[PDB]
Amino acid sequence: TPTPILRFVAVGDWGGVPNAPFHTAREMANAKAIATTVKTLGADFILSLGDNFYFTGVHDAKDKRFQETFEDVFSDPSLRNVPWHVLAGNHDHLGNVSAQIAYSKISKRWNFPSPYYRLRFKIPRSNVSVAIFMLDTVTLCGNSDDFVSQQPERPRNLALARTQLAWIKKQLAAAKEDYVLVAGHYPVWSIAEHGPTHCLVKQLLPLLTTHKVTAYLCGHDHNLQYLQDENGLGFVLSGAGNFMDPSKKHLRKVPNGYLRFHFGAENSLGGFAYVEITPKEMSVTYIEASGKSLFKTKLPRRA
């Protein structure tokens, strides 16, 4: 009988441009590649890994950019009723992030109830559950655009950062699901221009290790990377919806052997990741906007 499966696309840093035509050729190519993937292989939902609207987000919930950069761009019929689950990046927080949360009630497929939140999924016709914790790494660690270094040196509100961290610790300690995923804009590990996010390495990584998280999904660096540590924890970096950056500036800031796949060709149109979860395993497939498949690897069921 048909294998039970939950499928989703994880695209990051897709948020167009504030000048006409409010998209890039890369966003357009990825919206069409995503449509082909959902049409042929299927998607239960799409996960945005932040930087939803370059370069200063939206002003309010009626901002025209919602139509120009998001709705009209991802408009192939095959994407019509695919829910999106959203989190925010640094450029979103240069603007009005409550506007993006409030847009949840304007557009059906846009789901973004709060800066951070938990998603729960059962795989159909199985007892296998999936948990996804959507983080706001900007309020946890600070806006990278607030610093010349562009590395978030500290959060702007101590109570918020502490509150969200206590929330993560609690949720992760009690999460009994078969696969547990954590997502946020900033990378834990990354070999590229931004590199590892010290705040997440020091505060988030230990929790991911203690509670046996399946994978951490992120964007922020504008390319595609798979990383994996000695404990089997996977790092899915998908930040190539709009830009492609071949930098390897931080290659030796990531522990030796972590990097398992990297693609950042400056002339590529970008890409995204395709996650398939069965009772057997979780698979991640990196797909170039050219429709090409670049890399596939598997992560085991937890506890």
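Numbering starts at 1 and runs along the sequence shown.
Stretches 287 to 295 and 11 to 19 differ in mean C-alpha B factor, with the higher average recorded for 287 to 295. Stretches compared: 231 to 239, 55 to 63. Higher mean C-alpha B-factor in the entry: 55 to 63. Looking at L208, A192, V138, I106, the one whose CA carries the top B-factor in the deposited record is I106.
In this entry, the residue among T278, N267, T69, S48 with the greatest C-alpha B factor is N267. Ranked by Cα temperature factor within the chain, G257 sits in the middle third according to the deposited record.
Among the modelled residues of its chain, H93 has a C-alpha B-factor that falls in the highest third, as given in the PDB entry. Compared with the other modelled residues of the chain, the Cα B-factor recorded for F121 ranks in the middle third. The entry lists a Cα temperature factor for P187 that places it in the lowest third of the chain's modelled residues. In this PDB entry, the Cα temperature factor of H85 sits in the middle third of its chain's modelled residues.
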